[PDB]
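If you want the building blocks of each chain, they are given just below.
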Amino acid sequence: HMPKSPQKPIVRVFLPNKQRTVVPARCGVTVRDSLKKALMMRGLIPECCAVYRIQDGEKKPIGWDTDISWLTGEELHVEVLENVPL
């Protein structure tokens, strides 16, 4: 056994209903494929969830299929497009 080793570059994603998670920013991997676990455990599909970052005080939208490496050290916030789960 060894202690935790988070010595990797990461991204801070805030999930709906006061939840949050941190994922390692890897080159080649998309934000979608990174947060797929977080979405799954929340029961949310990527197409019903919107992501944005804050730059110079402005909220700019982000595509799920963008490489998470582009967001190394960014704090993301998720929005629910349709709250009622069908």
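This text goes with the structure placed above it.
Residues numbered from 1 in each chain as written, not as in the entry; some residues may be left out. Heavy atoms only, no water.

A few words on helix α1 (residues 31-42). End to end, α1 covers 16 Å across 12 residues, agreeing with the expected 16 Å (1.5 Å per residue, within 8%). Taken as a whole, α1 has its buried residues at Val31, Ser34, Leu35, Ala38 and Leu39. Each buried residue of α1 lies within a common arc of 125° when the element is viewed along its axis, so the set occupies one face. Residues of α1 that are exposed and angled more than 90 degrees away from the buried face: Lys37, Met40 and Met41. Against β1 (10-15), β2 (19-24), β3 (49-55) and β5 (75-80) lie the buried residues of α1. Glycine 43 lies just past α1 and shows a positive phi near 75°. (Helix = DSSP H or I, 4+ residues; strand = E, 2+ residues; numbered from the N terminus. Expected span 1.5 Å × (residues − 1). Buried < 20%, exposed > 50% of the residue type's maximum accessible area, 1.4 Å probe, protein only. Arc of directions from axis to C-beta. Contact = heavy atoms within 4.5 Å.)

Glancing now at the environment of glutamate 74. With respect to the helices and strands, the residue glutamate 74 is situated in the loop between β4 (58-62) and β5. Residues within four places of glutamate 74 in sequence aside, it is in contact with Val11, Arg12 and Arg53. A distance of 2.7 Å separates a polar atom in the side chain of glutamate 74 from a polar atom in the side chain of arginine 53. (Polar contact = N/O pair within 3.5 Å; in protein donor to acceptor, adjacent residues only side chain to side chain.)

Before going further, it helps to examine the pattern of salt bridges. Taken as a whole and judged by the stated rule, the model has 6 salt bridges. When the shortest N-O distance is used, the salt bridge between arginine 12 and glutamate 75 registers 2.8 Å. Taken together, the positions of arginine 12 in strand β1 and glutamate 75 in strand β5 put the pair 63 residues apart, joining distant regions of the chain. We note a salt bridge from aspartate 65 to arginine 32, for which the minimum N-O separation is 2.8 Å. Here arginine 32 lies in helix α1 and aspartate 65 lies in the loop between β4 and β5, a separation of 33 residues in the sequence. With relative accessibility at 51%, the residue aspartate 65 sits in the exposed group. On the accessibility criterion, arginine 32 (24% relative accessible area) is partly exposed. (Salt bridge = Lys/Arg side-chain N within 4 Å of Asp/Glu carboxyl O.)

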